[PDB]
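Accompanying notes for the structure given below.
Counting neighbours? That spans all protein chains shown, and the Cβs are built from the backbone with ideal geometry, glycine included. Nothing in this text is a laboratory measurement; each read-out follows from the coordinates by a stated rule.
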Amino acid sequence: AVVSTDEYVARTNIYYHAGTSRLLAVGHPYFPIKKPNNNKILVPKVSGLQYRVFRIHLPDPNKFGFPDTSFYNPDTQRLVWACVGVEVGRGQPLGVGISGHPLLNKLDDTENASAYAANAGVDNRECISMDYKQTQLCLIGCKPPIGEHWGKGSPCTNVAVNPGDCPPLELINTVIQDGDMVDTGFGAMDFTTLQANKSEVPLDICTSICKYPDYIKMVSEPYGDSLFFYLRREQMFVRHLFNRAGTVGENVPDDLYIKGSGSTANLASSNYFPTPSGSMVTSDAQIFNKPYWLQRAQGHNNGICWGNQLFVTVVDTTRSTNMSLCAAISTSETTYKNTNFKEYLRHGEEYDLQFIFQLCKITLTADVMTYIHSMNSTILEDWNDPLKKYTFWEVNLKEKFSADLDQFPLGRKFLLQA
Amino acid sequence: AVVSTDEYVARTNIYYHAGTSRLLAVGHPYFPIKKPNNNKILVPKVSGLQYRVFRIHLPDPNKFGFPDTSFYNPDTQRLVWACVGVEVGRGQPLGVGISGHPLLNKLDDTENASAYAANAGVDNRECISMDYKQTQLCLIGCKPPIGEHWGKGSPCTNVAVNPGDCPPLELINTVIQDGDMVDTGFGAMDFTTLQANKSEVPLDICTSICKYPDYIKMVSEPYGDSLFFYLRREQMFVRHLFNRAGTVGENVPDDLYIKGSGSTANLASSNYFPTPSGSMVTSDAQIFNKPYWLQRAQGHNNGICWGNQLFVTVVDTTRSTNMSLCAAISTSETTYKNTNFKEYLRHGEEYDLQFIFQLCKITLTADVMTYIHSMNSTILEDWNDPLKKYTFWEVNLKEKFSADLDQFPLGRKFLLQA
Amino acid sequence: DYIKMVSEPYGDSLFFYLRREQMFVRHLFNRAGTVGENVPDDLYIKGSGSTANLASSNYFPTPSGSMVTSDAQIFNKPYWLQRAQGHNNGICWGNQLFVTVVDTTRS
Amino acid sequence: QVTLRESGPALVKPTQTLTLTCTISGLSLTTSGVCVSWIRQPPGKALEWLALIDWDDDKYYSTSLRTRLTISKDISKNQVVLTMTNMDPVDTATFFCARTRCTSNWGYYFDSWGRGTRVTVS
Amino acid sequence: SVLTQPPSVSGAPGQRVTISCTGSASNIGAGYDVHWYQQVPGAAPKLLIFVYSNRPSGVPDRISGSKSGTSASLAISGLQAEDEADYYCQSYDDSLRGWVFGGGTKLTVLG
């Protein structure tokens, strides 16, 4: 049986602050610029609709130069860092970005039709844009976050399923890697292997997996390592109502309509889809620039950062403003000409993560050792890397630690609270 | 006279948690896919506008392997499970879906007409869509939920009523079966037997009954078995204003207008109808992912789950995102062509129901036996199935029970509250 | 730069502040000009005829100063700096005060 | 490859019973999603679908000839049996058993066809 | 037949000829796929088009089709001697409850 980590871990009055100086990432908002024929990316895709997961690294307290280690006995106990407070700072001004597809699959605006739709003549794709769903969610944990998405499974029939038949829906768990895309109102799904048209969805997520944090699974996890604190403030609506083009995969049952004549004799496509909207973004609705205290983590893991690791997932579409960036080819021309200017899109993202840690000690009794081993043997192996598979924003705080909370803003806020 | 169940049922400190692992249902959002000529459904209709009523089954405490039954005397009393806490977990990301009719009956946009409407020339139906009313309602009870809807009654006249005359309005009670459709802003009515056009309403509810929970009847029920706790957070508005086509069933009185001339001489149809809208969906407006404590059920039935049954009705249009699913007939073509891709719509629904139960004991005095018999003799017959008529999501928790609340998230939340 | 000003060691730049900014995408528009960064070919299926020309994907939003109301008024209120975060608890070194004011609700 | 070879009486007389029989190879009738149809073509006339059978034993027939038609399949022989009752002289036509793939849309199709066998009623 | 086709069309080698199959709201209007079959007389039919303007395996790349209104088309560009065959459109019908074929256009290659 799992036990509240507190039941055996003791807390101390030795507090420390550590936070990045100024994280900054700049890149194209839609797709990763690269070279004409390489997989050498030249400018990364930096969009506000990405899970900026920071794999923070903490110094090992057992090998840390404390001023005097009389507070704990190394001969019988070890040390770990417990996350008491987190502040996800944000510097860039609030503003919702934009994305679109030059050839989004959109037959007609079925929102309000004055006359019946005309014939769907070969490739009626359109240059359409939209402002994506608003999302603000912060996750703090020690195990990597686990999201979700709809992938491809085994089809209903096993007849070497017919070309273009139903792609079966499967619910697939996966670790949310840094740079992955948040659900944008089109549903959490792997468009890459689930939508061939390559036109159902805007460009910036067309060939990426829209993952969503599996809050149920993470909360029901036995040890609750994935997250012990979180928030979510996502919202949107149907800005517009559109229709998909293409041959009907599932024809409307004939008991589900009376046959038409003439122009209406052609049943128009019923494959409707919505266009999301990142509605009001305001300071009052701001998750960030606030200190969250994890003193009462739901999880059995009450903030203990096993392995000197912290996973801080941050989603912020309330600062996803994509700003243009035109550069003049030549100023020798006295009159404006459209082709004289090259168009560039670059989204600026700024992060400044801050933390407060309370030192803890673990007494190595036989029962405590057995429990910790069963929980995660890799923890014992550290005192007495499986994450290479996933890409994270590698953030090192091993030298950023300081014992003077009063000097830093988060430390002062924690002092005033504590 | 009915008596508060507490007046004779005693509570115990023996608590238990039990909840599904991960419920999941996937299917077409509009209509049930089937075979070309059968009533063999191939893919069920899974839409976010459906009453997902779960008929939970609980283990019988009288035949349950408790660690030691010294707490109660089987020779004179029995046991029942009382529902103390419920958490309707939701995993899928929030997002409002969409539905529409290829031939919705819509003459013209009477919202703002620049010129008088033209002639209504045979089958002016249109391909129109809409985003349905937003609804979030959870009902917890022991008897099955009872909704309402407008059906067909006996007409005003009994002359073998003339073809196409008034279909009389009748208010009809009925048990809300799993898969039934919630009111979507078009009113609670049985379109199947009340709208012959088959075009007044979008496809996904065109041939289904729009039921609404009869809160008044359920609350005024003598024993209050149908529900002892509920919530409702539904809202919408008129996105657009439209007009119906067809011959006028009820001609406008002549004292109710001055006759026109020329183009306006033709009185346009006055059969106006609104197009609903599922306005802002947000985390702040979330019923779910929260624990509701039924300690103060209004009902005389204070959560007692007679018959080891629980009926959990869940409506969630704030996660009704319909996601497409294009499949490729053949990649042999280098250029896009509309007919090369088949269109599919599949809506993913994920549920994770959790509960806390407090064990109770019933002392079999003569008066108590008589009262319970009069209330529901079937209860006594269990100690010393009429629901086969209705389809429910049969959810079995008989083996999911556990006495360790601390291990599960709802159990921990209940511990912190209690 | 709220982060920099707050993390300043002495906190002289500011010891009290407020922010009540908000807006949305009133309209969605497209930029004109030659494509600085061409869409990867794995990021679309080639079109024909009219659609053969990939339209510019340099989208940009048109902002909107949504509801301005008395209830959302920062000004005409007294702010007391008795508990300045900053180590500088309001001390006006050099007999100077810098009061930055932005007000688009009266523009 | 999927191969179909028809067999049956090339000559029949009126008011008799006709039993065609199409053999499938390279494919199993037990596999889910497999279907096979029969399509007859009178001399110099357009094709006319007759019946469809699938893995789920679900059967379809032309409405005009529904009262005369019954189809089945034998897993042991990997076989499809078609029976037409009360043969008329005008039924003379070539009969093709074609592997129907049963796509999601009710516009099914016949991916592969057999050699075809002439049936003459006189 | 519920579906309709021109009884005969002709085209000299190197020319493009379209065989149009027109249905009604019951079969092609509902959205049921249209399939074209090339049949050399006296032999078994062959699958030529699998969905509107879709090419099966082993079919020459010059053959195609289209979907337009309640009708479909079979465009054979760059005609050759091999195109001397009949063609049948095929779909599903809602009044018949069964699958139907067209009138069997008899394409001929001119001298």
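Among the residues of segment A:234-259, those that are surrounded by fewer than 21 Cβ atoms within 10 Å (Cβ to Cβ), within 14 Å of chain E (Cβ to nearest Cβ) and part of a loop (DSSP other than H, G, I, E, B) comprise A:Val252, A:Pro253, A:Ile258, A:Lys259.
Checking each residue in segment D:81-112 for being in a loop (DSSP other than H, G, I, E, B) and either in contact with a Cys (Cβ under 6 Å, 6 or more places away or on another chain) or more than 20 Å from D:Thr31 (Cβ to Cβ) (or both) picks out D:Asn86, D:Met87, D:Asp88, D:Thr92, D:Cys102, D:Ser104, D:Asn105, D:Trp106, D:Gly107, D:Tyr108.
A quick yes/no check of all residues on (1) at the interface with another protein chain (Cβ under 7 Å from one of its Cβ atoms); (2) in contact with a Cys (Cβ under 6 Å, 6 or more places away or on another chain); (3) surrounded by 12 or more Cβ atoms within 10 Å (Cβ to Cβ):
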| position | (1), (2), (3) |
| --- | --- |
| C:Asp12 | no, no, yes |
| C:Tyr44 | yes, no, yes |
| C:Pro78 | no, no, no |
| C:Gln82 | no, no, no |
| C:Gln85 | yes, no, yes |
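Quick one: is D:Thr85 among the β-branched types (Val, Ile, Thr), touching a helix residue (DSSP H, G or I) at 6+ places or on another chain (Cβ under 9 Å) and away from chain A (no Cβ under 14 Å)? So D:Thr85 fits the description; yes. Tally the residues that are more than 7 Å from chain A (Cβ to nearest Cβ), more than 16 Å from A:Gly97 (Cα to Cα) and either surrounded by 12 or more Cβ atoms within 10 Å (Cβ to Cβ) or in contact with a helix residue (DSSP H, G or I) (Cβ under 6 Å, 6 or more places away or on another chain) (or both), restricting the search to segment C:53-70. Total meeting the criteria: 1. When segment B:387-418 is filtered for residues that are surrounded by fewer than 14 Cβ atoms within 10 Å (Cβ to Cβ), more than 30 Å from B:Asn173 (Cα to Cα) and touching a strand residue (DSSP E or B) at 6+ places or on another chain (Cβ under 7 Å), the ones remaining, listed by number, are B:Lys398, B:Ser402, B:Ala403, B:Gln417. Restricting to segment A:183-203, give me the number of residues that are aliphatic (A, V, I, L, M) and out of contact with any helix residue (DSSP H, G or I) (no Cβ under 9 Å at 6 or more places or on another chain). Of the residues in segment A:183-203, 3 are aliphatic (A, V, I, L, M) and out of contact with any helix residue (DSSP H, G or I) (no Cβ under 9 Å at 6 or more places or on another chain).
Residues of segment B:87-112 that are in contact with a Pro (Cβ under 6 Å, 6 or more places away or on another chain) and either assigned to a strand (DSSP E or B) or more than 11 Å from chain A (Cβ to nearest Cβ) (or both): B:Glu87, B:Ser99, B:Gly100, B:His101.
Evaluate the following for A:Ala115: is it aliphatic (A, V, I, L, M), within 9 Å of another protein chain (Cβ to nearest Cβ) and surrounded by fewer than 23 Cβ atoms within 10 Å (Cβ to Cβ)? For A:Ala115, the condition - aliphatic (A, V, I, L, M), within 9 Å of another protein chain (Cβ to nearest Cβ) and surrounded by fewer than 23 Cβ atoms within 10 Å (Cβ to Cβ) - is met.
Considering (1) assigned to a helix (DSSP H, G or I); (2) within 14 Å of chain A (Cβ to nearest Cβ), the lone condition that D:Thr67 does not fulfil carries the number (2). Which of the residues belonging to segment A:124-160 are in contact with a strand residue (DSSP E or B) (Cβ under 8 Å, 6 or more places away or on another chain), away from chain D (no Cβ under 14 Å) and assigned to a loop (DSSP other than H, G, I, E, B)? Hits for segment A:124-160 are A:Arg125, A:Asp131, A:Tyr132, A:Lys133, A:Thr135, A:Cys142, A:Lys143, A:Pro144, A:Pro145, A:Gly153.
Filter segment A:378-418 down to the residues that are assigned to a helix (DSSP H, G or I) and away from every other protein chain (no Cβ under 14 Å) and list them by number.
A:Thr378, A:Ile379, A:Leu380, A:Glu381, A:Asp382, A:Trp383, A:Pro386, A:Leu387, A:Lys388, A:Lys389
If you go through segment D:1-33 and keep only what is of a type outside the set (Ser, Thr, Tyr) and within 14 Å of D:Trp113 (Cα to Cα), you end up with D:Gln1, D:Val2, D:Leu4, D:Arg5, D:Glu6, D:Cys22, D:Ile24, D:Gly26, D:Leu27.
Of the residues screened, A:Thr20 is one that is surrounded by 13 or more Cβ atoms within 10 Å (Cβ to Cβ) and of a type in the set (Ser, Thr, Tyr). When you check E:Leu74 against the structure, is it more than 9 Å from chain B (Cβ to nearest Cβ) and not in a strand (DSSP E or B), yes or no? So E:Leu74 fails the test.
Just one of the numbered conditions (1) more than 9 Å from chain E (Cβ to nearest Cβ); (2) closer than 24 Å to E:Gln38 by Cα; (3) in contact with a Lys or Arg (Cβ under 9 Å, 6 or more places away or on another chain) is not true of D:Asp111: (1).
Do we have any residue at all in segment A:261-275 that's closer than 25 Å to C:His27 by Cα and within 23 Å of the chain's Cα centre (by Cα)? Yes, segment A:261-275 contains at least one residue that is closer than 25 Å to C:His27 by Cα and within 23 Å of the chain's Cα centre (by Cα). Restricting attention to segment E:39-71 and to residues that are in contact with a helix residue (DSSP H, G or I) (Cβ under 9 Å, 6 or more places away or on another chain), among the polar types (S, T, N, Q) and within 12 Å of chain B (Cβ to nearest Cβ), the residue that is nearest to A:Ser263 (Cα to Cα) turns out to be E:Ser66.
Annotation: of all residues in segment A:184-205 being more than 7 Å from chain B (Cβ to nearest Cβ) and either in a loop (DSSP other than H, G, I, E, B) or on the phi > 0 side of the Ramachandran plot (or both), the one that is surrounded by the most Cβ atoms within 10 Å (Cβ to Cβ) is A:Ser199.
Matching residues to (1) closer than 30 Å to B:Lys337 by Cα; (2) hydrophobic (A, V, I, L, M, F, W, C); (3) surrounded by 24 or more Cβ atoms within 10 Å (Cβ to Cβ):
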site	(1), (2), (3)
A:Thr207	yes, no, no
A:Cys210	yes, yes, yes
A:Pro213	no, no, yes
A:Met218	no, yes, no
A:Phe229	no, yes, no
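In segment E:93-110, the qualifying residues are those that are more than 9 Å from chain D (Cβ to nearest Cβ) and part of a strand (DSSP E or B), and the one that is surrounded by the fewest Cβ atoms within 10 Å (Cβ to Cβ) is E:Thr108. Listed by position, the strands (runs of 3 or more DSSP E) enclosed by segment A:261-359 that each have at least 1 residues that are surrounded by fewer than 21 Cβ atoms within 10 Å (Cβ to Cβ) and within 14 Å of chain C (Cβ to nearest Cβ) are A:341-343.
Pairing each residue of segment B:145-164 that is surrounded by 14 or more Cβ atoms within 10 Å (Cβ to Cβ) with any residue that is among the basic types (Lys, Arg), provided the two are 6+ apart or on different chains, yields C-beta distances under 8 Å for B:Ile146/B:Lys217; B:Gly147/B:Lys211; B:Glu148/B:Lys211; B:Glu148/B:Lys217; B:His149/B:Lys211. For segment C:79-107, taking the residues that are among the charged types (D, E, K, R) and over 21 Å from C:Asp1 (Cβ atoms), the one that is farthest from the chain's Cα centre (by Cα) is identified as C:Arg83.
Among the residues of segment D:72-84, those identified as of a type outside the set (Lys, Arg) and surrounded by fewer than 22 Cβ atoms within 10 Å (Cβ to Cβ) are D:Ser72, D:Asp74, D:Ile75, D:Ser76, D:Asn78, D:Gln79, D:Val81, D:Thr83.
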